[PDB]
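Below is one structure, written out as structure tokens; the observations come after it.
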Amino acid sequence: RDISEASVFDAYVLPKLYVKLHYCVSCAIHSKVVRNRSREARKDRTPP
Amino acid sequence: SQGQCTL
Amino acid sequence: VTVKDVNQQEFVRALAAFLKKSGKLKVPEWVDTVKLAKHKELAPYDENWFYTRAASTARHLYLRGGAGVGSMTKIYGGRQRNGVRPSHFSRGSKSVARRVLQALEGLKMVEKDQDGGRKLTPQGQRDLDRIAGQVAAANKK
Amino acid sequence: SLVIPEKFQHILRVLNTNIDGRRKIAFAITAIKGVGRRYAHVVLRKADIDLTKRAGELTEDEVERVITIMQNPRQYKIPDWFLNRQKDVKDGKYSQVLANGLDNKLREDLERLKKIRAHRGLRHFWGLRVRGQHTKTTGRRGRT
Amino acid sequence: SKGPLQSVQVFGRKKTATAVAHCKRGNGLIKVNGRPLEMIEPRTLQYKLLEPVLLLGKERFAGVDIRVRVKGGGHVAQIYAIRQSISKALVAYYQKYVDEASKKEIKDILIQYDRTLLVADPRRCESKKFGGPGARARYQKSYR
RNA sequence: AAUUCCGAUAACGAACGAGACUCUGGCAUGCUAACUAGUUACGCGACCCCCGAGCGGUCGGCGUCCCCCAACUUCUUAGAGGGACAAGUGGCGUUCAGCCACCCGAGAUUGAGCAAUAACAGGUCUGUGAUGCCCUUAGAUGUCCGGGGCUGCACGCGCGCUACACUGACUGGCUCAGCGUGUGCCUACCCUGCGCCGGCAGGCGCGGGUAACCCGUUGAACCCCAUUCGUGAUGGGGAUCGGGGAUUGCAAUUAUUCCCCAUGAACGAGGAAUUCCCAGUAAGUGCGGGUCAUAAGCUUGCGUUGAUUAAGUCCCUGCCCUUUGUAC
């Protein structure tokens, strides 16, 4: 909103930043992503 | 991030 | 009218003025060189403190009878500040108002009770009621 | 309550020390080391001088009588227990010491305590406690 | 007319402030220990004391009389104990001896103004619990 | 708040712990009956206005246990019972558990004791004539006496008190308190009232209480009112020191403490950085009991004054549960 107020454009500009992300497993945990799962937990998939 | 206000 | 339907502050001031006008209350030798209370840091600010306190004392004796030295000292206690140490409570003094109750005895307004203490005489009660009526009349007009 | 009273002095230089005239008579004479607040009240009562007026409005005759009361208060049959020093060790006379007199007497007592080599005198010379203080946390300001 | 023993006595409490009202038919005198209602020590809170007088009809408090005696409480507590005493003394008298239609309207007016005129507040002093100077508080502690 | 409860469900019956139970305050114009308490009146007296006035107004001044010279418990408390259980209306909710608004209601979350197995190399041998082992034992580390320090002092650390002011402080007056201890086997030592003397702590004579009976209607403190000081480290803040006296015991100097006159330094709200607190709460402010020959700046409680902040989360620091790598 602070940028939008100063924006000249008639609400036609919405730039998006898309960046590929790659973490190995030693620091995947530190990032907090991939928290450890339960014994039946492992057999899962995407999450929601 | 303390639930002060009430995205 | 009784003494209840008049202002307490103005009634005390009027009685103190009446005692000053009469000039018959007994005055001790130590007039303006002693403290009224133990807790105080200074001598009484204004003169006639003997008359003003005698005026208030006669009023307290009117409300409650059979009051002696121990009863009076509880009443007039004062907030004793001891500087660095936490402050405590100090009872009223003893000897000075013993001259007051001897002064009232000299003026024939207190009488020794059957078991102890001093009780209001008809002369004292009559005087307190008429000055109360004068106070009420002055307040109205 | 006069607008501009005559013979008004902003300060007074009696007893070699200035007294703040803009304050009241009962509270400006207190700069003397022998005259405090309560003592100032009782002497004014003895001198029957009104307390409303300040130190700068009192006449010369009133000031002189106040000074005389200061110097010899026991003459006016004031209570003995009210005196500064009572029952002096060196003399049997009862009197009050004022300003440099109080300092002179105190130094005479202090040098006397040093000569006798008593416990109070030794710690006074050492600059320490006397009245049962706890120097574990007492004396943390005036001593390095 | 001259109906004897037409008196009702009510009580109110505000933190152990026991105020008793002895209400009967009379000229309209309200006294506390024989001391007038207006001539009370808290003159600042005198308006609060006279609130039932200003809210209900002065004719009603002239037909009846109230006597208040207090043994316990404080200063604000005692004023409210007396204030609630005369309010429910008038309510009790208006319940027992006069038309109940007016009893409903005065009760409705009292509730509309402030419910505390009739209810005794349940909240009392809460016992202190060890570990801190107040009942809920804790004595400040540090790890080192 | 809660594996409490509800539901899909290989769990059903249960049990431990929350819960539940027990302690104190919240109430009927309910009961029982309380002179060791009050209320209303009764026959008085003291008075106030006033004609002799008025069913006038106050008395914690008299008595209604040798009495007919009256009863009752609303207020003072001590026995028993319901009332508050999300019960009733509305909304949210898998229409279930549960959550919120609302009316009648003394109160719509009133505070506390006990509090599952077990882990602490948690602390106490200085709590017992509970104790293992070692240790000085007649120049004892015992018992007996006396004195000294346990407080010392350059410096840092915890909880705390006093204030840095004008909503203030000083002087004078006025109006309210409850829990609660109060004369002891060995143990002398209790609470105090009344009256007098003394400027004050204090002293002297006369009594009550082994206790709802006396202190004590516990006339406590800011608080309510009137005067003074008026932005000046200014009567306030009062640390340290001198002198005088009583207090307690044998004894107070290395001052138990207290009373009067005194010197009268910092203290313009304090950087980091943390703690406690959500309703009678915090906080102010006192006052009891524990301590004691005398005692509190400690501690537990009882009060009077007594508000806003929030009904939220795990952002910082930590616990619980599961999924759970793991030679632990």
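The sequence lines fix the lettering, A, B, ..., with proteins before strands; numbering per chain opens at 1. Worth knowing before you read on, the calculation uses all heavy atoms, side chains too, and leaves out hydrogens, waters and symmetry mates.
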If pairing requires Watson-Crick or G-U wobble contacts with both distances under 3.5 Å, which nucleotide is the partner of [N]?
N      : answer
F:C72  : F:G38
F:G152 : none
F:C179 : none
F:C114 : none
F:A130 : none
F:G301 : F:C287
F:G105 : none
F:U29  : none

**Item:** Pairing of D:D91 and D:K93 as salt bridge, 4.0 angstrom limit
**Value:**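 Answer for the salt bridge query: no.
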**Prompt:** With a 4.0 Å cut-off, would you call D:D109 and D:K105 a salt bridge?
**Reply:**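 Salt bridge absent between D:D109 and D:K105.
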Is [M] the Watson-Crick or G-U wobble partner of [N], both distances being under 3.5 Å?
N      : M      : answer
F:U89  : F:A101 : yes
F:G61  : F:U263 : no
F:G43  : F:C62  : yes
F:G168 : F:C229 : yes
F:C42  : F:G63  : yes
F:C92  : F:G98  : yes
F:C276 : F:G271 : no
F:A41  : F:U64  : yes
F:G205 : F:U94  : no
F:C59  : F:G45  : yes

From [options], pick the nucleotide closest to the side chain of [X]?
X      : options                : result
E:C125 : F:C59, F:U253, F:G303  : F:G303
D:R123 : F:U324, F:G280, F:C153 : F:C153
C:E41  : F:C153, F:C170, F:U275 : F:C170
D:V130 : F:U171, F:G242, F:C261 : F:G242
D:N84  : F:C48, F:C261, F:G301  : F:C261
C:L42  : F:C224, F:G235, F:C287 : F:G235
D:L128 : F:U281, F:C153, F:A255 : F:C153
D:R129 : F:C260, F:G152, F:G297 : F:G152
C:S87  : F:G286, F:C174, F:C197 : F:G286

Checking all strands, does [X] fall into the base, sugar-phosphate, or nothing category for heavy-atom contacts under 4.0 angstrom?
X      : value
E:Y143 : sugar-phosphate
C:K112 : nothing
C:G133 : nothing
E:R67  : sugar-phosphate
E:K71  : base

Based on whether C1'-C2'-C3'-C4' is positive or negative, which pucker family does [N] belong to?
N      : answer
F:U32  : north
F:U313 : north
F:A115 : north
F:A116 : north
F:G280 : south

Euclidean distance, atom [atom1] of residue [X] to atom [atom2] of [N] [Å, nearest integer]:
X      : N      : atom1 : atom2 : result
C:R91  : F:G286 : CZ    : P     : 18 Å
E:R13  : F:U304 : CZ    : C1'   : 19 Å
C:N48  : F:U171 : CG    : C1'   : 14 Å
D:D109 : F:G242 : CG    : P     : 8 Å

Check the chi torsion on [N] and let me know: syn if it falls within 90° of 0, anti if not.
N      : result
F:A80  : anti
F:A272 : anti
F:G147 : anti

**Item:** Residue pair E:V32 / E:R69, side-chain heavy-atom distance below 4.5 Å
**Value:**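 A side-chain contact is absent here, since even the closest heavy-atom pair is not under 4.5 Å.
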**Message:** Quick check: do E:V64 and E:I66 have side-chain heavy atoms less than 4.5 Å from each other?
**Reply:**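 Heavy-atom side-chain distance check passes, below 4.5 Å.
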Separation between the [atom1] atoms of [N] and [M], rounded to whole Å:
N      : M      : atom1 : result
F:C170 : F:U285 : P     : 14 Å
F:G182 : F:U192 : P     : 13 Å
F:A130 : F:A211 : P     : 36 Å
F:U275 : F:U322 : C1'   : 35 Å
F:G60  : F:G38  : P     : 10 Å

**Item:** Flag if over 12 foreign heavy atoms under 6.0 Å of CZ, E:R138
**Value:**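 Above 12, so yes.
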**Request:** For atom CG of A:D44, decide whether the heavy atoms of other residues, nucleotides or ligands shown that lie under 6.0 angstrom number more than 12.
**Result:**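 Counting other residues, nucleotides and ligands, CG of A:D44 exceeds 12 neighbours.
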**Message:** Apply side chain to side chain contact (heavy atoms under 4.5 Å, CB included) to residues C:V100 and C:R53 and explain how you reach the verdict.
**Reply:** CA-CA 9 Å; C:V100 157; C:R53 174 176 54 86; 3.2 Å; yes
**Asked** For the residue pair D:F27 and D:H41, is the inter-centroid distance of their aromatic rings smaller than 6.0 Å?
**Response**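 D:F27 vs D:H41: aromatic centres under 6.0 Å.
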**Message:** With the six-membered base ring of F:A220 as reference, does the ring of C:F89 sit under 5.5 Å away with planes under 30° apart?
**Reply:**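 The ring of C:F89 is not stacked on F:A220.
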**Message:** Distance alone, cut at 3.5 Å: any donor-acceptor contact between the side chains of C:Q123 and C:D127?
**Reply:**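 Short answer, yes.
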**Prompt:** Are F:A169 and F:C170 stacked bases, their six-membered ring centres under 5.5 Å apart and their planes under 30 degrees apart?
**Reply:**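 F:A169/F:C170: stacking flag true.
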**Request:** Spell out yes or no: do the side chain of C:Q9 and the base of F:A226 have one donor N/O and one acceptor N/O closer than 3.5 Å?
**Result:**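 Flag unset: no donor-acceptor pair detected.
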**Message:** Under 3.5 Å, is there any donor-acceptor pair linking the side chain of B:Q2 to the base of F:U313?
**Reply:**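 When only heavy-atom distances are counted, B:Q2 does not reach the base of F:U313 through any donor-acceptor pair under 3.5 Å.
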**Request:** Determine, for E:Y80 and E:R83, whether the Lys NZ or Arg CZ falls below 6.0 Å from the six-membered ring centre while staying within 45 degrees of the axis.
**Result:**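 Yes - E:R83 lies over the ring of E:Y80, closer than 6.0 Å to its centre and within 45° of its axis.
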**Request:** Ignoring backbone atoms, test whether C:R59 places a side-chain nitrogen or oxygen under 4.0 Å from the OP1 or OP2 oxygen of F:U175.
**Result:**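 For C:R59, the contact criterion (side-chain N or O under 4.0 Å from OP1 or OP2 of F:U175) is met.
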**Request:** Using a cut-off of strictly less than 4.0 Å, decide whether D:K33 has a side-chain nitrogen or oxygen near OP1 or OP2 of F:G264.
**Result:**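 No, because none of the side-chain N or O atoms of D:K33 sits under 4.0 Å from OP1 or OP2 of F:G264.
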